[PDB]
Amino acid sequence: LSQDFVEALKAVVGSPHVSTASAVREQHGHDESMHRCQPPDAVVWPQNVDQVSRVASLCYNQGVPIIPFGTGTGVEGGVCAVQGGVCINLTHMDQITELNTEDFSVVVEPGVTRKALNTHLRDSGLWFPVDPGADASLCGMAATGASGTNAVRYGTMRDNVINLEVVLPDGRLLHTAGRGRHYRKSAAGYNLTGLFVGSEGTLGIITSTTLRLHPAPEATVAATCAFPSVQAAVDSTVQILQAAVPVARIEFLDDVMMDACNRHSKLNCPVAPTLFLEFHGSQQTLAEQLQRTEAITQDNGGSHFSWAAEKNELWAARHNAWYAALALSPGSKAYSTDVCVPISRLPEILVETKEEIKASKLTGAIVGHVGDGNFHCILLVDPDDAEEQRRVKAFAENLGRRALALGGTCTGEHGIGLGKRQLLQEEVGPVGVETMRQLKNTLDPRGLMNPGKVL
Ligand SMILES: Cc1cc2nc3c(=O)[nH]c(=O)nc-3n(C[C@H](O)[C@H](O)[C@H](O)COP(=O)(O)OP(=O)(O)OC[C@H]3O[C@@H](n4cnc5c(N)ncnc54)[C@H](O)[C@@H]3O)c2cc1C
Ligand SMILES: [Mn+2]
């Protein structure tokens, strides 16, 4: 980057909000994944959407790649600057606006996290349910198409994003569903909002998201249930879904993950394949769901439910499973798989994955949003041992391909980033790939919007 270009950036955002210092760039060259740190040439913090537009147009017309950066909690290398360029950290735009409690909607800027939003909504009777374990940017969650433990009942980001404000790569401002609009359904034209959810910063910069809010549950009950085997836990899961019990959360932990979480969080659950469950409803609604769910789990060998206000501890431990797995081998990094399959095929692939981790020299813990047919294999890697890194990559690719063989997808929520680009080509085939590329090319003709990712 030339000093003329750096001074032009400073003219837009202000001298304090541009940095070419190596330490600042290195901090913005990686996320939480094992993908090697690739530092951008500069980091820029725009203060309002006009500045985002002017930064993008400056980069775009000068041939400088743009990397949108939220909270850097992604796990597929989305923020790695594989071709250099300007990292745009969006978190100084941190305001909540247009809170419309009577319409169940709110507008947030990229610096707002889910925790910040739900704190703002305390005593409103409303909450935002999509819950990645990390304290992530909500606009980042829109960009990756995130989900979480609550998705089985309340939907993913795709279900709960109503509208997006997007700075296109050349600086034009798009409101995907129209400026200020919010509604429950529309057939007006082509649905542009869904194109930008899950685009990972390769189609434009999300500068605000309009989110669907939900009523807080009348009553809540949480529980854990220990099983004799992985098969018994996943069969119970499938049978619960096929019986249409509207569970609020249904999370699976294998024995390795249960032990890891015990050690990391001062939980002390029996070390066994375990379901964490949560139910929402009225008093009698809960009782009926509990009875039907306990009957199914018992038939598969489940323990009596170990019940859980502050006992928040349960789900905080789950949300930190990524770090619990890391702590099994301090100094390691982690790679996660993220397949999602037709639910009737979930038992076969989860059991086969357990058998394959056991038969291998890798350390892996299994944790999953199994109510969606989705699970994570969290594989640890020595950042220095390459033989291991190649064994971890090969394991993840084989798992991905088995999921594709079953009619599923290689990622339910984390995205493609750098890691799953070949699997995506296998998943949608040549006409799917060319169609996605044609969309990328019309929005980003010069290929400068987070290059090297997804496609
Ligand atoms: C402990 C832990 C638990 C997690 N649990 C979950 C989980 O349950 N579910 C889940 O889905 N994910 C989960 N994640 C992954 C991560 O939190 C999500 O993918 C999240 O959506 C990333 O948001 P971010 O702003 O931190 O992303 P970043 O790493 O900053 O960016 C991710 C990608 O999105 C792009 N991007 C970011 N912000 C924008 C923007 N405003 N406009 C356009 N593009 C943008 C970036 O360029 C990059 O390609 C977890 C991560 C951790 C560390
Ligand atoms: Mn997850």
Side-chain angles (χ1 to χ4, degrees), residues 28-33 35 40 46 49 52 56 65-82 85 87-91 93 108-114 130-152 156-158 164-169 196-209 249 251-252 264 315-326 333-334 336-340 366-372 374-378 411-419 449-454:
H28 289 84
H30 67 88
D31 52 18
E32 292 296 302
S33 74
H35 292 289
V49 61
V52 179
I66 300 158
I67 308 97
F69 191 105
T71 40
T73 71
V75 298
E76 273 294 3
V79 299
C80 298
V82 292
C87 173
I88 304 190
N89 183 316
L90 301 153
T91 58
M93 290 164 295
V108 296
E109 292 178 347
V112 184
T113 65
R114 174 188 184 251
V130 185
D131 63 318
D135 196 17
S137 164
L138 288 160
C139 291
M141 289 162 50
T144 63
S147 68
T149 75
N150 293 314
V152 58
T156 68
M157 288 305 277
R158 176 164 308 273
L164 295 163
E165 180 179 86
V166 181
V167 170
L168 298 176
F196 288 91
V197 172
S199 59
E200 296 183 47
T202 63
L203 298 179
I205 305 148
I206 296 164
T207 55
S208 89
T209 306
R249 306 163 120 149
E251 291 295 307
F252 171 76
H264 191 75
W315 295 113
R318 166 63 186 93
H319 281 150
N320 281 282
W322 177 266
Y323 296 116
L326 254 5
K333 294 202 172 88
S336 183
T337 65
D338 185 33
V339 306
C340 178
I366 299 169
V367 70
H369 316 297
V370 287
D372 302 323
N374 172 229
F375 72 97
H376 309 301
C377 187
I378 305 172
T411 168
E413 53 167 16
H414 287 160
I416 301 292
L418 284 170
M449 196 65 245
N450 208 355
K453 313 297 159 62
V454 187

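The residues of the chain are indexed from 1 along the displayed sequence. Remember, it's 1-based here, ligands and their atoms both numbered in the order they're listed. Values below: all heavy atoms of this structure, side chains included; hydrogens, waters and symmetry mates excluded.
- At the shortest separation from atom 27 (O) of ligand 1 among protein heavy atoms lies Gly74 N, 4.0 Å.
- Of all protein heavy atoms, the one closest to atom 22 (C) of ligand 1 is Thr73 OG1, 3.6 Å.
- Protein heavy atom closest to atom 12 (N) of ligand 1, with residue, atom name and distance, is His414 CD2, 3.6 Å.
- No side-chain N or O of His264 forms a donor-acceptor pair with one of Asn320 less than 3.5 Å apart.
- Contact annotation for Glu32 and ligand 1: only side-chain heavy atoms (C-beta onward) come within less than 4.0 Å of the ligand.
- The closest side-chain donor-acceptor pair between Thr207 and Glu165 falls under 3.5 angstrom.
- Considering both main-chain and side-chain atoms, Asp31 never comes within under 3.5 Å of ligand 1 through any nitrogen or oxygen pair.
- A donor atom on one side chain and an acceptor atom on the other are not found under 3.5 Å apart for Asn450 and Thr202.
- The aromatic rings of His414 and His376 lie parallel to each other, with less than 30° between the two planes, well short of the 60° mark.
- In this structure, the protein non-hydrogen atom closest to atom 18 (C) of ligand 1 is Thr144 OG1, 4.1 Å.
- Residues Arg318 and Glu251 are paired through a salt bridge, judged by an N-O separation under 4.0 Å between the basic side chain and the carboxylate.
- In terms of protein heavy-atom proximity, atom 45 (C) of ligand 1 is nearest to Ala143 CB, 3.4 Å.
- Of the residues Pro46, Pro68, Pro40, the one that meets the side chain to side chain contact (heavy atoms under 4.5 Å, CB included) test with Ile88 is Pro46.
- Residue contacts with ligand 1 for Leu90 involve side-chain atoms from C-beta outward but no N, CA, C or O (heavy atoms, distance under 4.0 Å).
- Using modelled atom types, one finds a donor on one side chain and an acceptor on the other under 3.5 Å when comparing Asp31 with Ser33.
- When only interatomic distances are considered, the shortest N/O to N/O separation between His319 and ligand 1 does not fall below 3.5 Å.
- Residue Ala142 does not touch ligand 1, judged by heavy-atom distances below 4.0 Å.
- By the criterion of a separation under 2.8 Å, the protein N/O/S atoms near the Mn ion (ligand 2) amount to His369 NE2, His376 NE2, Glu413 OE2.
- For atom 49 (O) of ligand 1, the closest non-hydrogen atom on the protein side is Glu200 O, 2.7 Å.
- Here the protein heavy atom with the shortest distance to atom 13 (C) of ligand 1 is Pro132 CB, 3.7 Å.
- Contact annotation: for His369 versus ligand 1, heavy atoms closer than 4.0 Å belong to the side chain alone.
- Closest protein heavy atom to atom 42 (N) of ligand 1: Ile206 N, 2.8 Å.
- Just one of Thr71, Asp135, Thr73 meets the side-chain hydrogen bond (donor to acceptor under 3.5 Å, both in side chains) condition when paired with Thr113; it is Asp135.
- Checked by distance only, ligand 1 and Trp322 stay at 3.5 Å or farther apart across all their nitrogen or oxygen atoms.
- Contacts of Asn450 with ligand 1, taken as heavy-atom pairs under 4.0 Å, involve the side chain alone.
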